[PDB]
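Comments concern the structure below.
Residue numbers (the UniProt record's numbering), protein chains in the order written: chain S, 919 to 944; chain L, 919 to 944.
The structure is reproduced here in structure tokens:
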């Protein structure tokens, strides 16, 4: 569960990076 | 950890919804 938590947190960081890139393009 | 996993998964769903809205707006 700690491994899955880390995985989801990393994916969430990637998503936050993506949303910033979208917001800068808009 | 199961609770945190669920929390992160829910936040990730919210982020996927946001990225979909943003990519459509861009």
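Beta carbons: idealized from backbone N, C-alpha and C, even for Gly.
Item	Value
DSSP state of residue 919/S mapped onto helix, strand, coil	coil
Inter-residue spacing [alpha-carbon to alpha-carbon] between residue 979/S and residue 938/S	Given that chain S is displayed from residue 919 to residue 944, the structure contains no residue 979/S and the question cannot be resolved.
Alpha carbon of residue 933/S to alpha carbon of residue 930/L, nearest angstrom	8 Å
CB contact check: residue 927/S to chain L, cutoff 8 Å	yes
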